[PDB]
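Peer 1: Got a structure here, written out as structure tokens. Questions coming.
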Amino acid sequence: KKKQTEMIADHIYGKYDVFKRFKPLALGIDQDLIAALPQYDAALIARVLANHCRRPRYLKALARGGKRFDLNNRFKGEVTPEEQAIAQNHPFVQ
Amino acid sequence: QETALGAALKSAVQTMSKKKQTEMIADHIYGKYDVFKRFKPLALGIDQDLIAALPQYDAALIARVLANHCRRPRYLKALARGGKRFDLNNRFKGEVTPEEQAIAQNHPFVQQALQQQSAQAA
């Protein structure tokens, strides 16, 4: 498992810009990641995402706010005030 | 003794103090709205709903009370619990996303609060 996920992520941060550059991610990017990657498992694709969203860098991107982005780096929704404020007050961010 | 006009005059006068207006807003909100009293996940745009429903109070101090409320461990713990969000009328409106839920779940204040909550059960 861990050998694979380690490779799975490696591929994502390498293929998709939105993950490489830590932009707030579109709602439902899990379904899109699994759909776009049949080559992997649908819960270890999800695991790699869980890891990403807890990194201080992602929290900081949330605190910054603005639009969210889909796998093709297009605006799709945005960060809400409530989520932006929780990210800003977070122990990793303040 | 006291008139309706009299009571409203006294209230208006009291609202001139920022600290006093802030206590009044919180008491109003926790007293009137079950979604606040019970710390349910709040719908998108609740800030605007509160502002519209409370014209007797400054929008800025309303936002402040709201932001105080969402910073409380008990609120984060509610976000960690997840499920639906609720509007001012205690009706379903939207939900807590997996991302919001995971962030609240890993929040230090929740790690504490969840540990306390279960130690009060034991």
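Rule-based calculations on the coordinates, nothing more; no lab input. Please note: Cβ atoms are built from the backbone with ideal geometry, for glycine as well, and neighbour counts cover all protein chains shown.
Peer 1: Out of (1) away from chain B (no Cβ under 13 Å); (2) under 12 Å from the mean Cα position of the chain (by Cα); (3) surrounded by 14 or more Cβ atoms within 10 Å (Cβ to Cβ), the odd one out for A:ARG54 is which?
Peer 2: (1)
Peer 1: Take the residues of segment B:33-44 that are in contact with a helix residue (DSSP H, G or I) (Cβ under 7 Å, 6 or more places away or on another chain) and in a loop (DSSP other than H, G, I, E, B): which is nearest to the other protein chains (Cβ to nearest Cβ)?
Peer 2: B:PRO41
Peer 1: Hey, could you check segment A:67-94 for residues that are over 15 Å from the mean Cα position of the chain (by Cα) and not in a helix (DSSP H, G or I) and say which is surrounded by the fewest Cβ atoms within 10 Å (Cβ to Cβ)?
Peer 2: Here the residue is A:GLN94.
Peer 1: Give the number of residues within segment A:45-81 that are free of Cβ contacts under 8 Å to residues at least 40 places away in the same chain, within 15 Å of B:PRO98 (Cα to Cα) and not β-branched (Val, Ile, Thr).
Peer 2: Adding up the residues that qualify gives 8.
Peer 1: Those residues that are under 18 Å from A:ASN72 (Cα atoms) and either of a type in the set (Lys, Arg) or touching a residue at least 40 places away in the same chain (Cβ under 8 Å) (or both), I need them from segment A:13-44; list them, please.
Peer 2: Across segment A:13-44, the qualifying residues are A:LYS15, A:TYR16, A:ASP17, A:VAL18, A:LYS20, A:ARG21, A:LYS23, A:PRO24, A:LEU25, A:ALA26, A:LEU27, A:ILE29.
Peer 1: A further question follows. Find all pairs meeting these conditions: Cβ atoms under 9 angstrom apart; at least six residues apart or on different chains; first residue within segment B:82-103 and farther than 28 Å from B:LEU54 by Cα; second residue of a type in the set (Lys, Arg).
Peer 2: Filtered contacts from segment B:82-103: B:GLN101/B:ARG81; B:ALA102/A:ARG54; B:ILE103/A:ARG54.
Peer 1: Among the residues of segment B:78-96, how many are within 14 Å of another protein chain (Cβ to nearest Cβ) and of a type outside the set (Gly, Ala, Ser)?
Peer 2: 7
Peer 1: If A:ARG47 satisfies all but one of (1) within 14 Å of another protein chain (Cβ to nearest Cβ); (2) among the charged types (D, E, K, R); (3) closer than 17 Å to A:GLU78 by Cα, what's the number of the condition it fails?
Peer 2: Evaluating A:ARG47 over (1) within 14 Å of another protein chain (Cβ to nearest Cβ); (2) among the charged types (D, E, K, R); (3) closer than 17 Å to A:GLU78 by Cα leaves (3) as the failure.
Peer 1: Here's something else I'd like to know. Please tell me if B:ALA63 is surrounded by fewer than 21 Cβ atoms within 10 Å (Cβ to Cβ), within 23 Å of A:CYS53 (Cα to Cα) and among the aliphatic types (A, V, I, L, M).
Peer 2: The answer is no for B:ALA63.
Peer 1: Considering each of B:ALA60, B:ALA113, B:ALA102 in turn, give the residue that is assigned to a helix (DSSP H, G or I) and farther than 18 Å from A:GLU82 by Cα.
Peer 2: Numbers: B:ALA60 fails: farther than 18 Å from A:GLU82 by Cα; B:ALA102 fails: farther than 18 Å from A:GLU82 by Cα.
Result of the check over B:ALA60, B:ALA113, B:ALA102: B:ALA113.
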